[PDB]
Amino acid sequence: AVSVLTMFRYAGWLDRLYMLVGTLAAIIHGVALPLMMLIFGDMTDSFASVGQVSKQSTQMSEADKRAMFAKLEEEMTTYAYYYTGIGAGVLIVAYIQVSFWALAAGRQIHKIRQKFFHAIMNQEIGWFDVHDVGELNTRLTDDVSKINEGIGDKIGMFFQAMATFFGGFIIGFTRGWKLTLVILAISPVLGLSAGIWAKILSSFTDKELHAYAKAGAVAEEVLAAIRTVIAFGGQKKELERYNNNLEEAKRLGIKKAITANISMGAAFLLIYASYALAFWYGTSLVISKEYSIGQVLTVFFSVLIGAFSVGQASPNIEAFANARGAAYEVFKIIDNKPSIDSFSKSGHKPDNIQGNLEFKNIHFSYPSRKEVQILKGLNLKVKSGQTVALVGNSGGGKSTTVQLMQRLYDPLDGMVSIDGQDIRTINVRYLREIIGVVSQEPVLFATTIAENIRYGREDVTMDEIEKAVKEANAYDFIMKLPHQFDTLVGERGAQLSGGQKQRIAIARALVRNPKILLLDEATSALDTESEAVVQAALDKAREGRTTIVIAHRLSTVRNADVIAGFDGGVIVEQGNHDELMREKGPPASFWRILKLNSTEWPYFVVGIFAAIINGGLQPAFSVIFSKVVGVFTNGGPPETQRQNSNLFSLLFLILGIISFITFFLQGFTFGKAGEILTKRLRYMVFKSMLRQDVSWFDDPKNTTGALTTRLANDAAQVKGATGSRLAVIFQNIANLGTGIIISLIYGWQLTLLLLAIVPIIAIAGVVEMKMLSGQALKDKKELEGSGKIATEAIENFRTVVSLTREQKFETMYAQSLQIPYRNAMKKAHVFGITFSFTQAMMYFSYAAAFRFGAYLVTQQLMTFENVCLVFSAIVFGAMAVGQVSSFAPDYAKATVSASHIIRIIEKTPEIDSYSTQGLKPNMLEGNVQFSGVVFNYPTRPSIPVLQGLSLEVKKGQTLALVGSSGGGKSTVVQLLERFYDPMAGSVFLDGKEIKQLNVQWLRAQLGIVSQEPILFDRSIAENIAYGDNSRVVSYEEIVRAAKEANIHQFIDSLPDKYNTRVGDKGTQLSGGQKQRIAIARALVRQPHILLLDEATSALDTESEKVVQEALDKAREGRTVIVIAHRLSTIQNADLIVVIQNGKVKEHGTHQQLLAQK
Ligand SMILES: C[C@@H]1NC(=O)c2csc(n2)[C@H](CS)NC(=O)c2csc(n2)[C@H](C)NC(=O)c2csc1n2
């Protein structure tokens, strides 16, 4: 499903030369760095030769060694010269490698995007039909961006890394006859351990995902019908399943975190064991006497650099593989032969045609389906100078005759002749330009009408084309109405009426001045005043040239002299219209409250201290590392060098073991702490959402899926925002600080030199990342114009086809893409120069460090063991800082954002709810009054619904309120349970207001029933028992409830009876009975008042007979307010008190017939 070796089809010879020089530049750099490393080994060998104790007399002999110290200084100067030469080479090669590879891509992308646009806009409409409009643009944008990035930088970097690893292993050929054997034999152990630990971690991650899946599902189902939840107030009764699922998820996550931490610790342990074994073997080899320690050190460093190179090569090859599929796809759009070309050489065209089309054997339909036939063959012919009208259900499905006229589609065996000759011989562009169309929707360009008229056809003169706009509504519509100055109209402001749009479309058609005109729904569903005027323009266009018309209303049929229309493919004559029947017509977190949220500092605190000792591993490492060189620096060869080397190897191994156990304890504490925090946050936040009022969920910004994702993925962000980060802070700062202090104790000059130079490279890297990001964002912003052109063109693709003026679109797209293309070349050189500059700064820092170290050694003030000590300590500490900060769990980024979102939603103060302050009366005489209360949706106060309503209810009355809009009326019911809060009026229940009430107690005494009976993923009984939340639990009273609701037969029919469970809609219950079980749930609460809006969800109308039976039984049992926009429901209601918007009272049907039907 991908392609390779052929994605560079459009590459030019200069482009291939650019690539050839670039890749060569990469091998050069990749070879150069291990050359630096080998010269470091020769550097350590020179120091070893100088620091030979030899005879005890020699120490103070030769003028205290002053002469050969001068020789050493000369050698050091030569080595520094070679160092800076290599640095300049690294800078010279880097500029060319990054710039050329990117430059070539810049040109490659410039060619490929233009070719893609040309092909896609040259494609036939049927291809677009089986596709969409937005996803074409999205595919274009993301695929070209990926290809650009990949073939711009990633391939060059990959060749660089591959060459680095190679050159390291060319050194490794010899230096590794003994060393590579052992080092590259212990490396596969590291690889296998990493692989098995990654597999175990992935298995644990999948297990915890499947464990949390149940919690996610229950969250989704409770949030979907949360209105029912707040109607029953089951939040307290809720969350136990959520709590248990989170408990299981937390327990599995503890194991997951333990596994990840032990995997990482094993990684450290294998690294350190490899170090120890390699140095043990190297010390033995150098002690053999035929070898120098510098060669061991340089081969070991070179193979480490090769490992670094292999590790760095992975993202680049991944990006290349990702871009391969996008390249294959984008090329697959290319090279597809369309049905028509419009640019073919075979374009013979007759001159001054009369348009006497003849039609025969028209068998064609939508190409998307080959089962339904729309055109069944029409033996129709037309004549010049006579307007023809088509009448029927539509234009043969949907104006498909028009699609036939200009070759939008390709009829099968459909023979159509414009004047007696086949359309195949005629040029596509000529055929399109000699034919004019009228769109059913006059949608236009987001720009001034002048260029729209220019788009219509070649403007001979602006005044001439303006004269052509002499159709009815001329001048007042073109100038008096659009700001008088010709103005950009379109989606971006300057809206005009549909009459203006149709009129300008007619004007464009007249500018085309075709021999044959096409009219498709000129005033389809337009204003009655908008029509009856543009039809005059249509008529005055029709006397000029022959045309076909399809009319929205039969009036044009009267206007048309010839009426040849039908439906179903049965051709009818056009002699007269008499046969035609009488058709009717958010700030960041303080980071301290977040930490304080973890009130579990004991199981926390040790980890910090544990982390601290971990920070001591890195510099202490270098210490023993330096001492290894200290073995073979100035000292006595035979007394203890073997024993000293063995002792320091044992120190390496015990250091690795203590690091392993340290990181084990670190994991065992931070994982547990983070897991307990994850559980605590989820437990609190879920209660927070169930606590929030209905309005909070109504806001369209937050949706059920959005809140579920908030519960799902806004925890791992905290896992790393709270406990792992402080561990990173403490370990990193302890490492760097102890390295600096040991440097200061063991060094006085070069220590500060390194401490000063490393920050400038760090800030250079940071600023060049910042500049790359800024340039990328600037480019994405300034391609917005080209994106706008592409979107506007593709959205109006049918209009583009209907209008021959199409190459102009390619022209503006090319210009608005080449300006960013020029910006791309300008960015390429800058990117290359900065990357080369930072590499040169790194190499220069290295060279200066070595020069100063050697110079101060010539002063005889710090021994090589100390110079190498401080240098390796600081550099490896900085490397550890970098690796740990990247191995760190994404602190900030999307984590602190989700953290403050979690804090906001938890601390959200909603309208008072679940508040115990609400007064609760012992008994309710159902004294509900609804007089003088006005309110609407808080999210959209645009419509002040519920205006001037007066209503009052006593015990036993059946209030059959029936407003014209059921959904609008639903709000009146929604107010009784305070889903929304009234402000204009007050509602009094039992003679006292409802706002000063125990929300739950009010809800408790309210048997609401929703029109849509959504129930949970629980059993038939577990759902009916949900009504008695915070109440007496129903034990076998459910039998009485079902008997009262008369659904006993269906509960009895179920195999497990009450136990039968509605599991993920398995054994799905009948549509006409879910409302019944909801009614049973409502009557379980046994309230003094019930609310019903059942209406009729489905069309079964049989269980519907049973549902009003249950409703009348309930209403004779207890007082009820029933809402139903159904004639049968209101007629069945004995107490007909139908009132709409407060206009009438009591029985409307007796007062007036308006209520009836
Ligand atoms: C897994 C990841 N490492 C690599 O991807 C990697 C590729 S090559 C390489 N390491 C070389 C030879 S394997 N290593 C050293 O030169 C070295 C000297 S000290 C030191 N590492 C300290 C102990 N390491 C970390 O703190 C640490 C945290 S994460 C991490 N390393």
# chains A, B, ... in the order shown; residues from 1 in each chain; ligands from 1

call {"tool": "residues_near_ligand", "arguments": {"ligand": "ligand 1", "cutoff": "8 Å", "atoms": "only C-alpha atoms and all ligand atoms", "output": "list in words"}}
result
residues 264, 267, 268, 271, 272, 304, 305, 307, 308, 311, 617, 618, 621, 876, 877, 879, 880, 881, 883, 884 and 887 of chain A

call {"tool": "atom_distance", "arguments": {"atom1": "CA of residue 604 in chain A", "atom2": "CA of residue 665 in chain A"}}
result
11.0 Å

call {"tool": "closest_residue", "arguments": {"among": "A:627, A:637, A:24, A:758", "to": "residue 289 in chain A", "atoms": "only C-alpha atoms"}}
result
A:637

call {"tool": "atom_distance", "arguments": {"atom1": "CA of residue 699 in chain A", "atom2": "CA of residue 1018 in chain A"}}
result
28.5 Å

call {"tool": "select_by_dssp", "arguments": {"residues": "range 574-657 of chain A", "states": "helix (DSSP H, G or I)", "output": "JSON, numbers by chain"}}
result
{"A": [593, 594, 595, 596, 602, 603, 604, 605, 606, 607, 608, 609, 610, 611, 612, 613, 614, 615, 617, 618, 619, 620, 621, 622, 623, 624, 625, 626, 627, 628, 629, 630, 631, 632, 641, 642, 643, 644, 645, 646, 647, 648, 649, 650, 651, 652, 653, 654, 655, 656, 657]}

call {"tool": "closest_atom_pairs", "arguments": {"of": "range 723-834 of chain A", "to": "range 436-445 of chain A", "cutoff": "9 Å", "atoms": "only C-alpha atoms", "output": "Markdown table"}}
result
| residue | atom | partner | partner_atom | distance |
| --- | --- | --- | --- | --- |
| A:792 | CA | A:445 | CA | 7.5 |
| A:793 | CA | A:445 | CA | 8.9 |
| A:796 | CA | A:443 | CA | 8.0 |
| A:799 | CA | A:439 | CA | 8.2 |
| A:802 | CA | A:437 | CA | 7.1 |
| A:803 | CA | A:436 | CA | 8.3 |

call {"tool": "residues_around", "arguments": {"residues": "residue 687 in chain A", "least_positions_apart": "5", "cutoff": "12 Å", "atoms": "only C-alpha atoms", "output": "list in words"}}
result
residues 219, 223, 234, 235, 236, 237, 238, 239, 240, 242, 243, 680, 681, 682, 692, 693, 711, 905, 906, 907, 908 and 914 of chain A
